[PDB]
Structure formats: structure tokens, C-alpha cells
Amino acid sequence: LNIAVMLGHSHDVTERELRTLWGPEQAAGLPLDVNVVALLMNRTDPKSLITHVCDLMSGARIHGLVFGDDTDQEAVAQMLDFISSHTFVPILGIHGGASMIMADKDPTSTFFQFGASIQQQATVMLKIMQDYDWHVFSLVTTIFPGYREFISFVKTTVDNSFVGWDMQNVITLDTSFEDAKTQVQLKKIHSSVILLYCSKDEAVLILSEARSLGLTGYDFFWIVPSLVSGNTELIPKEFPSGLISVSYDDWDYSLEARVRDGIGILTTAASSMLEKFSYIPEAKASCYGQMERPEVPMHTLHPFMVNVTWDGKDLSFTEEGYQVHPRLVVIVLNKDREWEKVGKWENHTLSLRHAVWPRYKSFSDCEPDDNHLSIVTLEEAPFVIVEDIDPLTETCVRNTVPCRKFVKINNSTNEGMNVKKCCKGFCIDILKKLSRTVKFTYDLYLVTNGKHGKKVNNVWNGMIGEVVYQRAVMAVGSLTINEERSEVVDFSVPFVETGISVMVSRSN
Amino acid sequence: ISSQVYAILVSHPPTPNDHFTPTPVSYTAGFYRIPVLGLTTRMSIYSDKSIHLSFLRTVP
Amino acid sequence: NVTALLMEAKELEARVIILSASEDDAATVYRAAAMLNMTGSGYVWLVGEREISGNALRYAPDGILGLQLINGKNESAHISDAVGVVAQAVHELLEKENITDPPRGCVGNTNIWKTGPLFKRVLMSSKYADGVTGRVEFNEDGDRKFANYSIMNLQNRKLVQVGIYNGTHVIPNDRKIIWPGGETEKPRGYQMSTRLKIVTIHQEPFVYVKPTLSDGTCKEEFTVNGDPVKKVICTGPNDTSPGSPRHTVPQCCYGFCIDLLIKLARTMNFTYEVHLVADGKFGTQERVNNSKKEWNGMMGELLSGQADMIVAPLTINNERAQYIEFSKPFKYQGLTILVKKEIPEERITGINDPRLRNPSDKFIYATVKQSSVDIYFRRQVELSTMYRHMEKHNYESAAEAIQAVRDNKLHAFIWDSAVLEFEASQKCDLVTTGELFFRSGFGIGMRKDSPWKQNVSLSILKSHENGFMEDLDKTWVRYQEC
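The record names cryo-EM as the way this model was obtained, at a resolution of 3.99 Å.

Remarks on the sheet that holds strand β17 (residues 422-425) of chain A
Within a sheet, adjacent strands bond to each other through the backbone by hydrogen bonds, running parallel or antiparallel. All names here are of chain A. With respect to topology, three strands assemble into an open sheet ordered β15-β17-β16, the strand pairing being antiparallel. Because the sheet does not close on itself, it has two edges, and the strands there are β15 (384-385) and β16 (401-402). Relative to β17, β16 is paired through two bridges, and the arrangement is antiparallel. What sits directly across from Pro 402, in β17, is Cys 422. Strand contacts of helix α9 (residues 427-438): β15, β16 and β17, with the helix running at about 100 degrees to β17, the strand carrying the most contacts.

Description of the UniProt feature "disulfide bond" in chain C
Residue and element names in this part refer to chain C. Between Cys 218 and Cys 252, for which a disulfide is recorded in UniProt, an S-S distance of 2.0 Å is seen, short enough (under 2.5 Å) for the bond to be assigned. You can see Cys 218 sitting in the loop between β5 (209-211) and β6 (232-234) and its partner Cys 252 sitting in strand β7 (residues 251-253), a full 34 residues away along the chain. Below 2.5 Å lies the sulfur separation expected of a disulfide, and the 2.0 Å found between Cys 428 and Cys 482, a pair UniProt records as linked, sits within that range. On the criterion of sequence distance, the pair formed by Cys 428 in the loop between α12 (417-426) and β13 (430-431) and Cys 482 in the segment after α14 (468-476) is long-range, its members being 54 residues apart.

Re the state of the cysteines
Residues and elements named next belong to chain A. Paired by a disulfide, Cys 403 and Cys 423 hold their sulfur atoms 2.0 Å apart. With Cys 403 in the loop between β16 and β17 and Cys 423 in strand β17, this residue pair connects regions lying 20 residues apart in the sequence. Listing the disulfide partners of chain C by sequence rank of the bonded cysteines yields 1-3, 2-4, 5-6. For chain A, the disulfide bridges join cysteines in the arrangement 1-2, 3-5, 4-6, where the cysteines are counted in sequence order.

With respect to the interface of chain B and chain A
With 12 residues of chain B at the interface, the matching set in chain A holds 11 residues. Residues of the side of chain B that touches chain A, tallied by class, amount to six nonpolar, five polar and one charged.

Some points on the packing of helix α4 (residues 118-130) of chain A against helix α5 (residues 147-159) of chain A
Residue and element names in this part refer to chain A. For the pair α4 and α5, interaxial distance at closest approach is 11 Å and the crossing angle is 45 degrees. One finds that α4 runs oblique with respect to α5. Seen from above, α4 lies across α5 with right-handed handedness. Of α5, the residues touching α4 (which contributes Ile 118, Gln 119, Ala 122, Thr 123 and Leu 126) are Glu 149, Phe 150, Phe 153 and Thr 157. Grouping the amino acids of the contact of α4 with α5 by side-chain chemistry returns five nonpolar, three polar and one charged.

Some points on unusual backbone geometry
Its identity is not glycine, yet A:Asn307 carries a phi of approximately 55 degrees, on the positive side. Along the chain, the position of A:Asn307 falls in the loop between α8 (255-276) and β12 (328-332). Positive phi outside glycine occurs at C:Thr248, with the angle close to 55 degrees. Counting through the fold element by element, C:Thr248 comes out in the loop between β6 and β7.

Quick notes on the interface of chain C and chain B
Each partner contributes to the interface: chain C provides 31 residues, whereas chain B provides 26 residues. Listing elements by their share of the side of chain C that touches chain B, those giving two or more residues are β1 (68-69), α3 (76-93) and α4 (115-124) of chain C. The greatest single-element share of the side of chain C that touches chain B, amounting to five residues, is contributed by α4(C). Class assignment of the residues belonging to the side of chain C that touches chain B gives a composition of 15 nonpolar, nine polar and seven charged.

The rules behind each value
- Residues numbered from 1 in each chain as written, not as in the entry; some residues may be left out.
- Chains lettered and ligands numbered in written order.
- Part of a larger assembly, values for the part shown.
- Heavy atoms only, no water.
- Residues with missing side-chain atoms left out of burial classes, pairs and counts.
- Pairing = 2+ DSSP bridges.
- Helix = DSSP H or I, 4+ residues; strand = E, 2+ residues; numbered from the N terminus.
- Contact = heavy atoms within 4.5 Å.
- Axes fitted to C-alpha atoms, helices over the stretch in contact; angles between N-to-C directions.
- Disulfide = S-S within 2.5 Å.
- UniProt positions renumbered as here; feature names shortened; annotations may be inferred.
- Nonpolar A, V, L, I, M, F, W, Y, C, P; charged D, E, K, R; others polar.
- Parallel < 35°, antiparallel > 145°, perpendicular 65-115°, else oblique.
- Left-handed = near helix turned anticlockwise from the far one by under 90°.

This is the structure we're talking about:
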């Protein structure tokens, strides 16, 4: 069971013994011959790659090889499959160029990447869409390989979901940067969220063109696949400050951890194969030698690759050939032209790290956000009625609006988990009607301390305390007009009349 | 590639093996994006410019 | 072994096979179809180009039709044409602004020859009609377009080519193209095979169901004018209670939909394979367990190629109407409420009554968990509290519903107007409060493909015009009063 690992020569180009010293006292049990014959990499060329692999193969009966290339030559991945095509030696790559997915491989070979498929990325995208109540979008695609699968998947998922998407027109730029139909196509976009999918240079060009059309602003949310998210330090000048794109984990999951996990996977697979029956697999005679003919009595370790666990990690490579539980983290551009990190994806949950989306400055030269009002309310009986999101299509009921609120866990603990719930009533209906005719957005929240308002020790608590402190414009709710209140904070004209009433009835 | 070619031609060997030769030459010359031409290989996977990069053939 | 596939294919209407696979698989399927006598009359067959070459050409039955490209296993012509095109493209490109050189040496330099992608882009589109293959113009996907094929038809192990396809321009040739068997016609595709089956559901005077008498026949009954009642013996299940040992024992089948079915059968001269529905539902579609929209009951069985015609109470609903072809409405009934008649109180004006608009603890009403009532309510999102109450107190059918409202377990019952009127006409214990609304004429929906939709539509229109249904109404339902 002798295997080899080719490093990246860039990040940890030192201490080959350090990699060779994995699990010193006990790595995974070391059944028979768990030994590393890892080598060093350099500038990779198909001649050099084939030469090195063929030379190593005619060595110490090599077994499954873990690849860790650092550069991004894209096509390298394909070349790797080719080797596994004509030498029955399983191989898997973890980092770098042999990380982007390739889709349909030859059914007579074994080669498993460790990246993210198109479908998983699209699913996480739609999840991040539904978790913020943005059920409207229009996507524009260039003519780039893979657009058919993307379009077909996004069309199949929308109408098989009960969320109720308002998926608008799709756009396919027949001619690139010609403005014949591209310009009018870009103009006929009345939505706010755009699911652009294209190449990096194409995306930069499209964003540069669309910036001068006003399609960017304080409310214009672009989301792009991981392909657009390329280099971690090459943010162009056409990228607006703040955009969302999922990518494979890079800040976490250090290279050593991945290498150790892969070696453990191979060792466990070999142990399971040996336990099934005692017939060790012999390496190939010589790739450089004469012709080859099929002689394997059965698939040596291909079926012994799925359904494998390792100290909690549940990597379960599918029949297509990629991991079923990728470590995907969605990232967003910061205010200092750097990639931030927000929200992981562990089992199925988004586990988002923002109860309310922060309105990000789209650009240093852009119109100020002058149409968002942070309304506030207080829980009464006939004015506002609070509820909780129902389990079925867990966004909210289609007959009300989400109102974020502050809830303290127990009494002593000040655990401020800002729960997401949706509430209806009377005043909210008028608020919706008004917002329709005055076209302003709102992220409203309930009052935290006290109820209604009172000038207690010259400081007001409740909605009055919020507005008197310039903390929240608008205080929509069952508020009574009073001279002191009018003296402190301005009011508007009334719409519903009321007053003091006496509640005494007849016993019998 | 030692003679800085511009476009390689490819054709089936005298003895048939369905795929055989177009896969290696296609991959290798697709590393450098050097367009190749097919002459007989009428099998359907090749017509997918995502697993073969650059490949133009002359039979449907 | 592919015997299962051929066996499943045998019992089907369409008579056109489009075999297209490897040569050896083609040989195996040829052996199978020879064994199963699939190569008989009315079996025009089409076969892919590879499947009539090599070892496949020794076992195929006489009669197949094959196709093949003309300039196929040739290289001189193809080499000449390719060289012409490449030279044209290079001479066109070389008059540009910034052009690099091809990367010399495949060890070391490992970058992208950008003029390579430019070259591919320009070469993609270059017409050159000066070579012996025909005009050559690559398509957008990167292949060759506008070819021409030759259609050879097998004739007693003598490949005789007829017709030519020069691109959307199939032009035939003078030859009596034999079809497998030796016939000279344009055989046939679709086939009638009038053993189409009816699946129904028991409810109302429309369907009358009881265990069959042990004498083989239910009974020999009559009617008001002493006319014997037509009956059949459906073979539906008898395990309405969950967990029972289901046996699908045949029962009595003597309702009113049977009268309509018999009239249509005498209008159309066919047979049937009647049997009830296991679960029984109007088609209240749901979602599968933790996974796409899922239908259920009678509609779910109908769409799953099981039921052929579905003549039953089939209140027209847009949820069903998305993929179905309704027939002409044979009934006109609305949605009405029913309450037990008191032995001062006011008649409730349906949902228009504000008291029925606002649910109350003393007002416990429920129609059923499975009907078009709930699916209609879901469409109109205006009274979600009443819908939630209905769902949280839902029942499973109308018999237990009327039994419960008899003992005041429930407080109301919304259903078809005719059903409630008939129930209150015989056992006049309740009343017919409320008005009619959501008036849906009962239709007869079919799959998108059916050769009887127009025929059944015209037949039911003729029956309505001549008033044949009115006589059945007089003699079957509207016959009693108290």
C-alpha cells in the first residue's frame, strides 16, 4: 500500500518529512504498508507530467495518488483522467487546478475531484435567495460552455418548488459587446436581483457596460457562480463594492488537513477491500511498455470508494464522481475591496450570519440611500399580531410581511437571537398600501424595551425613545396624539378616530 | 509540437476501436488551445465544447 | 436478456420502433423480436446507420429501412476538403494586427496561445464551396452541417437504396418499398385495441356499491315503471379500513355513471375492465415525502397510465385542467352548504354570511380532506383562518360527514348542490341552507392524446340536445319527496 503525493511547491514548499510524518504514533491503524513516497512538483507540462507519472509508476508499485497542484491551467484535470484511463491506478486531486469539476468522465476509469458541481452551487444560490425573501429575479447568460445545464436546472427547480418564485425573463447575449440587441436586452430589466453567469473577463465587461446604464445601486443585487470568483487578490475596477458569489472553502480547510483526510480515505478503502477478500491488487507493469489488455477479475477498489467515513467527516463521492458534502462558504466583497466570509453550509442549512442584510455602499460615487425607512411598532391586540414562520416552505405565509424582532432567551441570559418571524394586523396593511404609492423600502423591527411611551425621568422609552433619539424613522402603530408627545415629536394627521371610553356592563 | 504547428489533423487507424486516437490528441492539443480537425470520427461525445475545448470535425 | 422490454412493448398501440444502439445490442434485440413475432404486419421499422453494418446485417428481418452518409469511409476527399478550408482560414487570419507564434516545444512554455482561440473563432465560420464533398459550412456548436444521406431499404438480403435526403428535402425514388412481411401499403401506427378500462369511485346515487351476491349476480331489481336496472361487477378493493387484508373482492356496481357508460358503449361499441380505486380521491395533489408535486387517488392513477377514461364526479378545476382535456359538461351543479334542520334562527347565506366568515369555537364545520373544495380554497387567499380550521377538522368522505352532522359532531357540510338535495329529499332531516357559488359544470377529462375526445363530446352534446339525460334524471334521482 505505497502511495505518492505531489505538492504545490508554492505555499508549503519545505519539510517533505513533515508531510511524510502524518499520524506519527497512529495515523489510522497502518494495516500493512502505509508509507508515503511523496515527491515535489514544479511548472507542469503534459510531457513533464506524463514523464514523471510514468517514471514513478515503474517504481515501488505505486498506488492511488493524491494531487495538489497550485496553478490553474484548467485543462490539467482532463489530462489526469486520461492517465487513469489507460493505467488502472486510482487517482484523486484535492487543491488547485484539479479542483474545478469536469462532469461526465469515462466509465472505465476512476478519478474523483473535490470541488463543487454546478447543481450544488445553483441550489445554494436559490437557498440564499429564498432566505431573504427576494422572490423575483432575471438572469442574463453569455454563450459559454455549460449554459444549457444551468438554464435547464434553474428552470426545473423553480416550478418544482412551492416557494412561488416570480422568475422573470432570461437573457442570452447572442453577440458579445455589440449593443445591437444586448443593450435593449439589458434595458428591459425591471427587477432588482440578477443571476449573471459568464466568464471572468465577460463578467467584467458586462458589469462595466451595465454600470453606466444605472442597473447598479443601493438596491441591485448581483449573484454569480464560483467561476466568476477566480483569484482571491485580483478584484477588478468594474466590480461594485458588495456582491455575492459562492465558492469552495479556501480560508479554512488548510492543505495539511485535506492531505491527511485523503490518505485516510485511501487507507480505509484498502483495508475494506482486503477485509472483503485477501487479494491485494498488483500495479501495472509499465505505462511506457507494450500494449495493455483488460485483465482485472473485478473492479479492484472502485466500488470500495463510496460509503466511507472518517472521524465525523462524511465524504461520500457520488456516482458522477464528486463529494456529496462539499465545504461551501458564500463570500461577499467588503468596503475595502477585500473578500469577506459569511455563512457556511454543513449538512443542509445555510446557517446565515446576518439576520438582516446590511445595505452596502455600492460605490464611492453613487446616489445616497434615501428610500429606506426603519419603521418600528409595538405589539398590541388589534393593531399588530405576531406569528412564526410555518414549516412548509419556511419563508412566511403569503398573506403578511416579515417583521424582525428581539427576543431574550429566558430572563437572566441576554441572548439576543434576532428571530425572523412575520406579522400582520391593521397598521401594517396601511403601511403596505402607503409604500405601494410612495415606493420606499423598509426593514422594520419591533420595539425592545418598554411598551408605548412615557417621559420617565426625562428619558422616553418605547417607540418615542427610538424616534426622539433619531434611531428609527416612522413609528407606525396604535399611537395616541398628545400635546406633550406633539411637543416632543411631530405627528401626522389622523386617519382613525378614538378616545376615552368607559367599559362597564350589565352582570345579568 | 516541436515544430510549432498551427492545426493538427486526425483520422481513424486502419483497425477500428471506436474512440482510439482522437481522445489523446484532442486532450494534448487542447492544453494549448490548438484547433484540430476530425476526418471520420462520428461519435457523439466529442461535440461538446466543455470536455474537448477545441475540436472541429467534417462529418455530422 | 431483453425479453422483458420486448414483452412490455408488445401490449402497446403504436407500431413504430426506432432502435438505435451498438451492433451487438442490435443483434440481441433482433433475436428477441424474432422470437416474440414482433416483425409481423403493421410494423414499419427504422434503424440507425451503424445497426445495419457488420455482424448486425446477418440477423435483421427483411423489411427494415436504413440510412447512411454518402461520402463515408473515404479519406482522400475529406483530406482535400479539410486542407482547402484550413488554408483559406490561415490566409484570412494572417492579415491582422497583433499575431503571435505557435508555442514551440511542449515542455516548458505552458501558457495559452491567444491567437489560438482567435483562430478557432474565425475558422468556425468560413464557407468554401470548391471541394468534392458539397458546400462545407460548420455550424455554431462546432460540427458539420448540411450533409446528405442515402436511404437503403433491405429487400431479400439485397440492399437497394431508394430516395435521397439533401437537407429538409427528402425526395423519394421509384421502387415498391416492401415492408416487413411483403405487404404493399402504408401500414399503420396507432391501434385502437378497444379493451380500455374504467376506474371509478363510489359516492352519491351516481355510483351504487355493495358486496356482490354469492349467486354470481347481485340481484334482479326494477324501478318505478318496472324496468330492470343495468348492472356490472367491478372489482375494486374492500379494505377501506387501514391495515386490513386487501383482497379487491368484486362488489355491486349499479349507480348512474354506469348508466352513462352503458349508453356511451352502445354509442361507441366497445368493452371495459371496470375496477374501483384503491385509495379514492378527486386528485388533491400533494408533495412527496421530503422531496416535486405529487398527485393522488383517482387523478393520480389516471395520469399514471392506469385509467383510460375517468367518467365520474369530476368537478372541473384549474388544478386538474392544466394537463387534461375536459369533455362537454354533462352536469351543472354548484357548491352549497348543508346543516341539520332544527326540530328565530336565521338561514346562513354561505360564506357571504360574516358569521361563517369568522370561525367560532361553537361552529365546527368540515367538508372533506380530499376534494376540489380545498384546492379551490387554497387558490383564493382571502380567508386563511377558515381554511386552517377546515384542514384541522378535515374528514375523509361524505358518509361519515353526514353521520357526524346528524349527531351534531360537525356543524356544516359544503358539497355539490345535487348531492345535498338528493340526500335531504330522501331522509328529510336536514335543510339546504346557503346559496350556490363556484358553479362548476361536471366534465370528463382525458389525457392529451385520446381518439375519443371529439366523439364523446359530440355524443354527449347530442344526448343533451335530445334530452336523454333528463329521462335518466327523472327515472333515477328526482323520484321522491316528503
